[PDB]
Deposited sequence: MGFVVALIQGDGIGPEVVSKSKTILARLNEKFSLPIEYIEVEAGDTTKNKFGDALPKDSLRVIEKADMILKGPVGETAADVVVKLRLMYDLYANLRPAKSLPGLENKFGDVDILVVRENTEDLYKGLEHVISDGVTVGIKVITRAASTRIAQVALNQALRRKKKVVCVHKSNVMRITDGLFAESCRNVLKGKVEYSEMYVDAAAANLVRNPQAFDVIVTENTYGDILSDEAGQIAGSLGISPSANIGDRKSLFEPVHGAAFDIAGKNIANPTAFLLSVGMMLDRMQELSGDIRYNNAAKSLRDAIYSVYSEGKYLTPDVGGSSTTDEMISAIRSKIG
């Protein structure tokens, strides 16, 4: 079985996670899933109580858990999710941007961004050098570039066998140059391979998103391209994520805390529920138990039906229903 650290987060995190809990419990029962969810404290409110956004007590629980499942965190998000990615070396950030039926703005969209998740500018090596002068250290390593490119190969083998490596090695000759070279060395000759500058990737996503299968890129570039790709697919409200390392993993929506709609019962739970889908997939592949696959298919079929029918969709995906209405619709289709 699995122990899952469940972090609710801030803004819409609590309402989306707590309402979605009814579906997690229904899957546990219907498919006899040996998964224990333990709620753990992290984020902006947590920082007010403990003085730390990610306190020792929470770390103690997470260290014990197998996996982390979380809603968005607010202003302290770097002290929560970035700290976790670093400390557990959750080096592969997998973000599928996939259209659901009965949405546009771009028709059929299915793009996977594979984002390097541990280096680049994300380790906080920043300093005030002098009055009004600041510096940050960007870090690119062969080790980290090679392993992310390996993840991109594995993913692309399961899709259309096509990968574009996105970087800016024309300007960043040494750092991005090493990244591209490492990617080239793992990928070229095993999949259809190409390279594209990040600025031209941003434009090409808009011009022709159906030209893209797998995108492999660095931390900050992946942050940016995954948001763009997510919106293109139709909404950040439908965009899930897996942060996968060697020993642990973390599952979460791409979207933020959305403080301006918090408490209003219109947040889309789909990104979170799809992240649960990716969690269950991995539970299957680790356990060798088909029940997690059955629960994953029930979940996804349910969401896909709700979208296909199109009566209980939140405003962000073109509907007029509440988070509650959406959750009940999905729940009744399970399972």
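Where the deposited sequence has no C-alpha coordinates (positions from 1, in order) | Residues lacking C-alpha coordinates: 1, 105.
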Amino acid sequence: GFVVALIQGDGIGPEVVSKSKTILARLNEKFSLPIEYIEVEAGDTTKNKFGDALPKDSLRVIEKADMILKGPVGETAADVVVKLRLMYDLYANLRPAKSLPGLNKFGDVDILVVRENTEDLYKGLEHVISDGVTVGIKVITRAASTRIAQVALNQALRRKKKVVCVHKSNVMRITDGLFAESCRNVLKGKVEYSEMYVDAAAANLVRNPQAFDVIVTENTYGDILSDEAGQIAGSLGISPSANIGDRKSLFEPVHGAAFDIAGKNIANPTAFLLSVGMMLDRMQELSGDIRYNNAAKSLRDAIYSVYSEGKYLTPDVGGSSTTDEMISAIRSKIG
From here on, numbers count along this sequence of modelled residues.
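With respect to the recorded C-alpha B factors, which stretch has the higher mean value, 112-120 or 242-250?
-> The entry gives the higher C-alpha B-factor average to 242-250.
Looking at the deposited entry, does 288-296 or 266-274 carry the larger mean Cα B-factor?
-> It is 288-296.
Can you tell me which of 176, 79, 228, 199 has the highest Cα temperature factor in the record?
-> Each of 176, 79, 228, 199 was compared by C-alpha B-factor; the highest is 79.
147, 167, 95, 160, ranked by C-alpha B-factor: the highest one = Spelled out: the listed residue with the top C-alpha B-factor is 160.
Sorting the chain's CA B-factors, does residue 106 end up in the lowest, middle or highest third?
-> Its C-alpha B-factor belongs to the highest third of this chain's values.
Chain thirds of CA B-factor: placement of residue 327 | Middle third, going by the recorded CA B-factors of the chain.
Report the third (lowest, middle or highest) to which the CA temperature factor of residue 11 belongs, ranking only the modelled residues of the same chain.
-> Ranked within chain, residue 11 CA B lands in the lowest tercile.
B-factor third for the C-alpha atom of residue 233 within its chain | Tercile = middle for this residue's CA B-factor.
Within-chain third of residue 282 by Cα B-factor, per the entry = CA B-factor rank for residue 282: middle third.
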